[PDB]
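One chain comes next, on its own, written as structure tokens: the form deposited in one PDB entry.
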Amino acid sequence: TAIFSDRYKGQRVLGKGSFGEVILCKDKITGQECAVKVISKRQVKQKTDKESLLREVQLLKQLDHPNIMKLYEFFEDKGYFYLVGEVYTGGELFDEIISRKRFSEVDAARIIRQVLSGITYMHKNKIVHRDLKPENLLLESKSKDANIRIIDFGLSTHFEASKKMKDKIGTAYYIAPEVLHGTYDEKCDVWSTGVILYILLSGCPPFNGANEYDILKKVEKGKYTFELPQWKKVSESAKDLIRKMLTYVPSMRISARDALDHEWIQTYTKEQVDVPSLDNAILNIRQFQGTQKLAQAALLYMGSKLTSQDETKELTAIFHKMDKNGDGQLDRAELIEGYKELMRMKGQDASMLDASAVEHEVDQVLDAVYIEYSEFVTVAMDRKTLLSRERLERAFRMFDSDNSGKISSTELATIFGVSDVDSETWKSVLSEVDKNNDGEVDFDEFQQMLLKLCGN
């Protein structure tokens, strides 16, 4: 009965999350800011019935913990679900860790005590995460004392995971083996935290591989080691906690509660022995984060380019039919009607919450441009891809940490492995872009490879 757009207005896009886009919204009466996840019913399948989802939402709204995201409201219309909750502005935990100069076991213990405190609380209330990963650890604010907030607790129980690689980047590292075969319980969150902790103290995933399926093979076997030089400077109690958290049989695996009482958490979170900086771990987390973000940006660039081609042609045909005399020009109200018609057929955009948002977007394009609708189409569609094109170059620049301007063949293999692009498929594309290749590409050659890898 209650309508989302009657209460909230979209201010700006915050980013892509599991199951949908996240928009910064504001209450039209009280002025309260909130983060809203818009889940498209067409793109996301429900695992449970409507009554099971409503009962979990009602429970989730009443729960409260300092390391769990607060949910405020829930709305549903014919095509979408709107999960309304608190905004966090500190960004992802790993993007903050790589910005600092020193990082020790004391810092890793403070991080993992918070995550475990949050998990322990949600497990007492019979809610499992299942998809716990570093990307779901947000920092409350930009300050250095910011608490960690776990996002998306309980959503995997009600919404089916996407099968598209652009949505699955980095999920294989943290997923518990029992989730892969179907019988799982809340212990799968201890395993995921165990993996996160292993990466905090070494900067390398315990179960790794050249592609998604090779990682899942390592996870399913469950075998890993502490045989990297960097593990020599780490305490034995940290290694003990990891062994208990990455125990294969879930009934033998330590609980979230007992992980808090472990010697490592008790010792390294108290204010009262020597603790050095894990320099090799920071460098490995910075290289790991750069790689994951470039693979993700490459996949989102290709996805936006295909979506842009579909919408450019659809919008061009809508305006062509609306052109009565055939002079190639239309009025403002016509362009609004046609642009609204694009969202009616292709589905409402997360940034275009209602007619007023569409009218403002049309006005923003008309400020750049009886008007030539082909010029309106070009500008409107280039504005939709702007964020994905700029995010690609920024991620290439961040990955190119030595500012050489190029990435090597070994780095391309790693990037395309995380992106799940077949080895022979990208090597074939490189040869068509630059026939006299020397085992390295610059940004334009890399973007040219991606354009070819999505039919251009």
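Throughout, we count residues from 1 along the sequence that is shown. Residues that one form lacks are left out of the comparison. What we label the rigid core is the largest C-alpha set whose atoms superpose within 1.5 Å from one form to the other.
A second form of this protein, the form deposited in another entry, is not displayed here; the remarks below concern that form.
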After the core is superposed, which of these residues, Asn208, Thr385, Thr89, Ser235, moves its CA 2 Å or more between this form and the one not shown?
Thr385
Superposing on the rigid core, does the Cα of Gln364 end up 2 Å or more away between this form and the one not shown?
yes
Checking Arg102 here: with the core superposed, does its CA move 2 Å or more between this form and the one not shown?
no
Kindly check if the Cα atom of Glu334 is displaced 2 angstroms or more between this form and the one not shown relative to the superposed rigid core.
yes
Mind listing the moving segments between this form and the one not shown, meaning three or more residues in a row, each Cα shifted 2 angstroms or more, core aligned?
142-144, 327-342, 359-369, 371-390
